[PDB]
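Q: Below: one structure in structure tokens.
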Amino acid sequence: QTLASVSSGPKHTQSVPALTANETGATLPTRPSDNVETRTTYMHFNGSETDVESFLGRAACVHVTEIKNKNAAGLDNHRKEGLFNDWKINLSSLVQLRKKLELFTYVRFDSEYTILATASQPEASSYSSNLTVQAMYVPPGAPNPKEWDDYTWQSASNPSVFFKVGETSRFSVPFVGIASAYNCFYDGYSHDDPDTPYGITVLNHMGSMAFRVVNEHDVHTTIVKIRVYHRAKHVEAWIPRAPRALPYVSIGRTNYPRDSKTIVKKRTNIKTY
Amino acid sequence: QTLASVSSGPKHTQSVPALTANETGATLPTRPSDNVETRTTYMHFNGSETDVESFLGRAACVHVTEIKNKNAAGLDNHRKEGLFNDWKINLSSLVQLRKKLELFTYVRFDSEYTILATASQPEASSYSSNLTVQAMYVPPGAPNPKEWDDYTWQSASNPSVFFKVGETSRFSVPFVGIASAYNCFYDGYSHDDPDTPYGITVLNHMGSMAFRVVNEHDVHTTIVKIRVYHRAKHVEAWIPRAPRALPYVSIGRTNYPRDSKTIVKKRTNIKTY
Amino acid sequence: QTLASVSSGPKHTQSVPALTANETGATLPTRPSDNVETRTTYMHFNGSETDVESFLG
Amino acid sequence: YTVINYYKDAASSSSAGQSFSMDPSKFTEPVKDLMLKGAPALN
Amino acid sequence: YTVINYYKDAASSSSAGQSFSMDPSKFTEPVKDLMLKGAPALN
Amino acid sequence: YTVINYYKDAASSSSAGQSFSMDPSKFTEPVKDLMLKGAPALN
Amino acid sequence: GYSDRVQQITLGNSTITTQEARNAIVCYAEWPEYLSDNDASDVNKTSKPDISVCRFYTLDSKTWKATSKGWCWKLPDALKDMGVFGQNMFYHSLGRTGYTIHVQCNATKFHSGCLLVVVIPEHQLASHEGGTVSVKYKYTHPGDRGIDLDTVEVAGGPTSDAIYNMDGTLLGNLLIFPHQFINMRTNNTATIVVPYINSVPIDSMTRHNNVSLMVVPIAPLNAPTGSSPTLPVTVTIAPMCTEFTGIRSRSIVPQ
Amino acid sequence: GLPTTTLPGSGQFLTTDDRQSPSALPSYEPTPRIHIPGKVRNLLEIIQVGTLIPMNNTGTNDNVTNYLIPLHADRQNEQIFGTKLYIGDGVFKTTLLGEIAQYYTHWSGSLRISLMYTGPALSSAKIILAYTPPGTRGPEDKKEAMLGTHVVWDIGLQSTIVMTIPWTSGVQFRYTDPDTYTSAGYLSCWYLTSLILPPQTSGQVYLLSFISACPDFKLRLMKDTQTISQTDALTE
Amino acid sequence: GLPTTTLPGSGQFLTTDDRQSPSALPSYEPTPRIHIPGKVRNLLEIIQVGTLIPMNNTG
Amino acid sequence: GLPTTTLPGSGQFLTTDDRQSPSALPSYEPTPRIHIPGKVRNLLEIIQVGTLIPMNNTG
Ligand SMILES: [Ca+2]
């Protein structure tokens, strides 16, 4: 038992806790017993669910993509045809999690990736194909796939997972930052150039993931949609910031819509209840 | 804590570590503190990921083959028809892993084989057949399959695995070399003959693997593709060599394309940045 | 370590292991050191794979 | 309850426990000179 | 390495170990009178 | 973390640990007479 | 008073001397030694001729021209006609040995040029043709002559590409192998002690070369004005800790 | 009949996992190990060995002359060579260090550059080797260059000069793949005095440069290289 | 070959579970942590900080 | 309800594995062993016995 409130009686002192000076920049821990006669009560509470481990410890969808399985004969752009796809791992494309991460400035953690692949056959097909997807972790510098069945899929040194459509794949990934933490924000540039981008840093690089169906083609086309979920484990977060108020518009940019002008709800009278 | 660098101040000695003699064939471990005033810093690093166990400890694709399941009635060459196939286990057909192995001269390890079999029905079929593949380990000297359902598949003494298409098979294999290690290179011949091959030695033999679908035939044909992955465990490697620069052209031969003449990137001026 | 072969030198004895009598129905365990000068070497082998449990296992 | 790690890498393990070392002060009273509730904020 | 039997019947258990009690003699020297390598096979 | 081998054969086991017995010298200083950094390479 | 530069190597009834050395390399930090019982397989007794084979044999000289590409010798092949060593090498089914390789090239404080002297364990050569064509036995078994890299390529022989190490790898990375340089301004010679390196305890000395000594000009030879534009290159080699086994009738090889 | 629950990922084949599996050859006895010199335990062992840099990148075809840095007599204040410090690219890409660095994603550590003089014994020279940390342009002259990490080389008996490139960085790891934020600076060479040849001598003299890593070095996040590929599987 | 019985829920992906999984990058060494002021452990830490209320909601 | 993860190879039938299985005849009592001369334990036992070589291969 920790006390939520203590028994407190009347006052008539020179010690006035009700008065302070917010000019100082401080917020003194006043308690109701500083301005009211109180009774003893117990916290009966530890605050587990608000620990940052908790707060960022659940899987959230961070990306949805699509691939296909057709007959690649005569097709000159496998990527455009949808025979394989990429994903430049980033956690700011889907907004639900992005607002959570951004509550802090620097963030360090391990990742638990769960990949779901569901299939659909939108047009006339005799049966539903049982496909196998390959997910390849392509670190910057490794050769990029160009065709759905390149030498690249050999993946001799790049980690890859093979799993069935309808199933799910799960693996953990260590904190892969080149610095001591990930930058939720970065008020800088890659080099002092007049035209180089701002904010986006390799200091947030987590990689690129490549996807494909390992099977050949049937008579029909099968559409595979991939959903990537991320869960943060072994979390560390520094420097809390102001919540995001305006809509997001772009990945890795604090840019906000210019026609968004009413985030705060309005009344008519400051006196109404 | 191991030191990455020590604190080091100005110098004016007769002890000149900046000067040496590369004629000797040695590379002395100079450190930045031999030519610069330094500060103390810590390694904060052990070098786990560069251990050869690590380097060769991940699965890499070492072969892709295909088999089928039709009606073998009237077919006189089951092998050509694709009712069963072979594979003379070798780790130099796919280049990604081959360049890694060849960084060393002799190499000793255990193998962890993972076999994936995916199916495809390229032409009009009512449903997708659920097939079972048999993978037989055929040591040199054992009788070779001739038909898809020979007495050979009885496999009374040859190890074999049965698994379903869409699934995967995994087993380990002990170091099966007749010598103390595997030869990544061999500057020799089988016997002193003027016409016998060069390089290729039974000293690299790992075997031959036979594949087939155990099921009979349906009304349609089913195409099964087999991908074999190899992972090295309990690794030992001796005598490091120069990396491969030129493209590979043949299995077990150091031969390289004769029209490949520019492996090193060129400038215009040795002075440009 | 079990010995595969022992060091063995020249001979000139009355003890002739190279001669026997197969009429008896026996096969005496001669070793190369009975007819050749040898060096010491180790079995480095137990014979697991030839156990009948293995053979029919 | 019990838990034994089945993997070699530390990343593989499940969630870390509750910090129990909360301290809102770095955020609520980062003042140089200590201010005591009840005494004049500014003298 | 470890192994515990999950079944009641002895038949259910895996393979028996290596015999280590090889003795080719019953097959290679089943002679009544002992013959010594090096001495006259027949005297 | 814990690991017990479920199989009889040594090949069946997972990856071997980190060697921790690195020694670049056999490759970087295979000289007969010892050379000391700081002293004349050739005298 | 002694120097890293002046040295004497006495092996059998031959003594070599150099007054301009640059230390010497002992491959993989290992000195030659005979085969041990723990490592032995073959039950036979090994023959150790000693001082009759473990002495220095001098190969036919080479001529360093300003356009020279390099030279390659294969061991034990290069010493197959060298006195009692070659004899023993063809009467036994198996042999084993290490060597002391001494490469010589003297000049003038006015010359400049640099040779790379390297020993490559298992130097599997690439063919002139490429594809699935193998380098014919006789081309990797030139004997004392060795492989002269600026000779026109023939069908079934190796490539003549020093830049590609005749094997598909680049010249600059040849430094990962025990090597030594012969920098005229400094050097005079290069000495390399080679232990037995193989995946088998003992082997056939005729169907397999364990190493190939390579001498490659890196910095072109540049002689003083009015001086002779060439310099000879001499290679002296001594087998050490030699063992032979499987004696019988003379081995029969192609040619 | 022990109640269980299977988890997400069940049945997946992650090429990078490490578990036990049954041996297909039970009871089999591997050949005994014999001693073999030159055992490699870690890749960090071999990148400490210096190999030649093809600094004379000029040309169209690979040729032994790529490793030779030309030097000219009676030239003063002039520049000998320049290059960026992209170990996964440019002149360092084919070297042993750059070759192995490209199997990993991150790198960190100090580098060793040796320059070996091959000119006549009766010649003389004084050269200046410099390392310009990131943040500016490559030096345009010796004056600009000498303001950074540098070594003045006096050519003599001691044939080679060794300069270490101390880890000069904010972030603790740089990418091997050329990325702007993680660039390592420049490297350049100039005459501090000039090359002087003796009578009866002429032409060009060359320098051989070697690259290797210091014990300082680290490489992480293993990946596939761009230095090898194929269009079809190979056959015998 | 230990007899088991799989339970309802087998194979489900509950975004809120917390279990071990294999590391895709085995043997990898994360960058060392450096000291960084302003560490947040619980959200209850930061809501104790007063922020302005837009009470003049009019407009 | 103990959380598990099934691995590659699950369900395969490798003729060469060695594991436990349920007995189809539980409680059954095998006939007692009687002594029988000529027990063979290893194949290396019998190849030490010499047999005739058909050297006159002619015919
Ligand atoms: Ca149907």
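Q: Please give, to one decimal in nm, the separation of the simple spin-label points placed at G:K65 and C:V52, each 7 Å out from Cα toward the Cβ.
A: Label-label distance for G:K65 and C:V52, simple model: 7.6 nm.
Q: Can you list the distances in nanometres, one decimal and ascending, from the E:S15 label point to the identical position in each other copy, with the point 7 Å along Cα to Cβ?
A: When each copy's label point is compared with this one, the spacings are 2.9, 4.6 nm.
Q: From Cα coordinates alone, what are the radius of gyration and Dmax values for the stretch A:1-47 in angstrom?
A: My reading of the Cα-based Rg and Dmax gives 13.2, 36 Å.
Q: Counting only helical runs of four or more DSSP H residues, what would the 222 nm mean residue ellipticity of chain C come to if each run contributes -39,500 (n - 2.57) and the total is spread over all its residues?
A: -1000 deg cm²/dmol
Q: Within 10 Å of each Cβ in H:102-115, how many Cβ atoms from other chains are there, averaged over the peptide?
A: 5
Q: Beta carbons within 10 angstrom, averaged per residue: use that to sort the peptides G:196-203, B:129-136, I:31-38, G:95-102, highest first.
A: Sorting G:196-203, B:129-136, I:31-38, G:95-102 by mean packing, highest first, produces G:95-102, G:196-203, B:129-136, I:31-38.
Q: Could you name the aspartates and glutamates in cross-link range of F:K26, using Cα to Cα under 14 Å and dropping any fewer than eight places away on the same chain?
A: Straight-line reach from F:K26, under 14 Å: G:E30, H:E45.
Q: For chain H, just the Cα atoms, rotate onto the principal axes and tell me the three extents in Å, largest first.
A: 93, 44, 36
Q: Something else: With charges set only on the Cβ (+1 for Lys and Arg, -1 for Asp and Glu), what does the dipole of the stretch A:173-273 come to about its Cα centre, in debye to the nearest 20?
A: Here the size comes out at about 1040 debye.
Q: May I ask you to evaluate 6.51 cos²θ - 1.76 cosθ + 1.60, the Karplus curve with θ = phi - 60°, for each residue of the stretch H:15-26 and list the ³J(HN,Hα) values in order in whole Hz, giving x for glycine and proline?
A: Those phi angles translate into 3, 9, 6, 9, 10, 7, 8, x, 7, 6, 10, x Hz.
Q: In deg cm²/dmol and to the nearest 500, what is the mean residue ellipticity at 222 nm of chain G if only DSSP H runs of at least 4 residues count, each as -39500 (n - 2.57), divided by the residue total?
A: -1000 deg cm²/dmol
Q: Treat the stretch G:118-196 as a sphere of radius equal to its Kirkwood radius over Cα pairs and apply Stokes-Einstein at 10 °C in a medium of 1.306 mPa s; give the translational diffusion coefficient in µm²/s, rounded to a whole number.
A: 111 µm²/s
Q: Run down the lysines and flag those whose C-alpha is under 22 Å from the C-alpha of F:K32, throwing out any fewer than 8 positions away in its chain.
A: The reachable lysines, counting only those whose Cα sits under 22 Å from F:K32, are H:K39.
Q: Follow-up. Please list, by residue number, every one of the GluC sites (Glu not before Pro) in the stretch A:1-104 that is coil in DSSP and has at most 16 other beta-carbon atoms within 10 Å.
A: Sites meeting the loop and neighbour criteria: A:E37.
Q: Hey, what's the per residue convex hull volume over the C-alpha atoms of chain G, in cubic angstrom?
A: 144 Å³
Q: Take the eigenvalues of the Cα gyration tensor for the protein assembly as shown, scale each by 5, and report the square roots as semi-axes in whole Å, largest first.
A: Equivalent ellipsoid semi-axes, largest first: 59, 49, 30 Å.
Q: Follow-up. Collect residues whose amide H, placed 1.01 Å from N in the peptide plane, falls under 5 Å from the amide H of B:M43; neighbours closer than 5 in sequence don't count.
A: Residues meeting the amide H criterion: B:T2, B:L3, B:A4.
Q: A follow-up question, please. From the phi of every residue in the stretch F:15-28, what ³J(HN,Hα) in whole Hz does the Karplus formula 6.51 cos²θ - 1.76 cosθ + 1.60 yield, where θ is phi - 60° and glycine or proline is x?
A: 4, 6, x, 7, 4, 6, 9, 5, 7, x, 4, 4, 10, 9
Q: Nearest 5 percent is fine: what portion of the DSSP beta bridges confined to chain A is antiparallel?
A: Percent antiparallel among DSSP bridges in chain A is about 95.
Q: Only four residue types carry charge here, +1 at the Cβ of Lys and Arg and -1 at the Cβ of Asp and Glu. Report the dipole size of chain G about the Cα centre in Debye, rounded to the nearest 20.
A: 540 debye
Q: Something else: Kindly state, as a whole number, the per residue volume in cubic angstrom of the convex hull around the alpha carbon atoms of the stretch A:146-259.
A: With only Cα atoms used, the stretch A:146-259 gives 232 Å³ per residue.
Q: List the longest stretch of chain H that has no exposed loop site; here a site is one of the trypsin sites (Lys or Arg not before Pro) assigned by DSSP to anything other than H, G, I, E or B, with at most 15 other Cβ within 10 Å.
A: Longest site-free region, per DSSP loop and neighbour criteria: H:138-236.
Q: Just to be sure I understand: if I project the alpha-carbon convex hull of the stretch B:152-215 onto a plane and average over all orientations, what area do I get in nm²?
A: 7.2 nm²
Q: What are the ³J(HN,Hα) couplings of the stretch B:172-184, residue after residue, when phi is run through the Karplus curve with 6.51, -1.76, 1.60 and θ = phi - 60°? Round to Hz, x for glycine and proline.
A: Going residue by residue, I get 9, 9, x, 4, 9, x, 7, 10, 7, 7, 8, 9, 6 Hz, with x marking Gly and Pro.
Q: State log₁₀ I(q)/I(0) for chain D at q = 0.16, 0.24, 0.32 Å⁻¹ as given by the Debye formula over alpha-carbon point scatterers of equal weight, solvent excluded.
A: -0.64, -0.96, -1.18
Q: Output, in nm with one decimal and in ascending order, the distances from the D:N43 label point to the matching label points of the other copies (7 Å from Cα along Cα-to-Cβ).
A: In nanometres, ordered from closest: 7.5, 12.2.
Q: Can you give the % of DSSP beta bridges in the protein assembly as shown that are antiparallel, to the nearest 5?
A: If we restrict to bridges inside the protein assembly as shown, about 95 percent are antiparallel.
Q: Given the options B:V202, B:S169, B:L97, identify the residue whose Cα lies farthest towards the positive end of the charge dipole of chain B (+1 on Cβ of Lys, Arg; -1 on Cβ of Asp, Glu).
A: The one lying farthest along the dipole's positive direction is B:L97.
Q: Once amide H atoms are placed 1.01 Å from N in the peptide plane, what residues at a sequence separation of 5 or more from G:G70, or on another chain, have their amide H within under 5 Å of its amide H?
A: When sequence neighbours closer than 5 places are left aside, the close amide H contacts are G:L149, G:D150.
Q: Where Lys and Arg each count +1 and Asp and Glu each count -1, what net charge lies around F:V31 among other residues with Cβ under 10 Å from its Cβ?
A: -1
Q: Where nothing but the Cβ of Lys and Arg (+1) and of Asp and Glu (-1) is charged, how large is the charge dipole of chain D around its Cα centre, in debye to the nearest 20?
A: 0 debye
Q: For H:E78, put the label point 7 Å out on the Cα→Cβ axis and report which residues of the stretch H:100-143 keep their amide N under 13 Å from it.
A: What the label zone holds, given the 13 Å backbone N cut-off, is no residue at all.
Q: Could you name the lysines in cross-link range of E:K8, using Cα to Cα under 23 Å and dropping any fewer than eight places away on the same chain?
A: Straight-distance partners of E:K8: F:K8.
Q: Just report the Cα centroid separation between the stretch B:117-143 and the stretch H:71-132, whole Å.
A: Computed from Cα coordinates, the inter-centre distance equals 55 Å.
Q: Also, quick follow-up: Please list, ordered by chain and number, the residues whose modelled amide H lies under 5 Å from the amide H of H:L14; skip anything fewer than 5 residues away on the same chain.
A: A:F162
Q: Shifting gears a bit: Working out 0.36 nm times the residue gap between A:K261 and A:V16, then minus their Cα-Cα distance, what length gain in nm do you get to one decimal?
A: Here the answer is 84.1 nm.
Q: Averaging the inverse of every distinct alpha carbon separation and then flipping it gives the Kirkwood radius. What is it for chain A, in angstrom units?
A: 23.4 Å
We did not get these values from a lab; they are worked out from the coordinates using the rules stated. Because the Cβ atoms are built from the backbone with ideal geometry, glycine has one as well, and the counts that use them run over all protein chains shown.
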